[PDB]
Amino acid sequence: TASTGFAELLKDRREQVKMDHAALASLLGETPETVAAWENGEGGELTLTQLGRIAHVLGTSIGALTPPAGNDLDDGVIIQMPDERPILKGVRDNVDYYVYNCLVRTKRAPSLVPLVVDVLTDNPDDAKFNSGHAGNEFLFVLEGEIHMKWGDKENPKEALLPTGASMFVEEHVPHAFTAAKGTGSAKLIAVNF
C-alpha cells in the first residue's frame, strides 16, 4: 500500500498543480506512460532519491506523497500482555544506566512510546543527562524512590520522588534519573507523547 498510497497521492498532487502525465514526465525526463504506471501503483521500485526529485518537481514533500502510518487496532483498541514486552539496554555514554521495557504502541499514535524504565544506578553524583528529546514525557514512580535532575547539568534543578509521584517533562528539557542515593534501584513508568 505504500505504492498504492503513492499512486493516489501522486495523482492528486499532479492534479492540484494542473499537470497532465506529459507535463510531469518531461520535467522528470520520463515518458508519460511511466507516470501513468506510477499512478497505477507500479511505483514500488522508485528509490528514495527519485521520490525526492518527484517531490521537488511537484513543489512538496515526500511525506505529502506517501500514505499515513496505517491502522493496527482491533476496533480502535490494541493491547500488550506483560511477557510480550521487549527489552533494550540503556548505556549512557557507556555504563549500564537504564533498562527499557517497552509497552504497547500503535501506528495510529506514532509519538506514543510508553515504557517501564528500570533505573539501575543509585548514585545521584554520577547521573547521566540527556540533551533533551523531541516530545513531552509523563512519568510515574512505580517502585522505590527516584532522584531526578533537570535543566543545566552544570547546576540542575532536582527532586527526590517517592513511589506514586508523577512528573511532566517538556520537550527538549534535558533530564537524568538515578535511584535515591544508596537505595539500589528504582522503577518508573515513562510515557512519551
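Residue numbers here begin at 1 and follow the sequence given. Just so we're on the same page, rigid core means the largest C-alpha set that superposes within 1.5 Å between forms.
Comparing 60-68 with 123-131 in 8 other deposited structures of this protein, after superposition on the rigid core, the stretch with the greater RMS C-alpha deviation is 123-131. Residue-level annotation: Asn94 lacks coordinates in a third or more of the other entries compared, counting only those that model residues on either side of it. Between the stretches 121-129 and 49-57, it is 121-129 that shows the larger average CA temperature factor. Among all modelled residues in this chain, the alpha-carbon of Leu160 has a temperature factor (C-alpha) in the middle third. Among the modelled residues of the chain, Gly63 sits in the lowest third by CA temperature factor in this PDB entry. Sort the chain's modelled residues by C-alpha temperature factor and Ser166 lands in the lowest third, per the entry. In the PDB entry, a CA B factor belonging to the highest third of its chain's modelled residues is recorded for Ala134. Split the chain's modelled residues into thirds by C-alpha temperature factor. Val91 is in the highest one.
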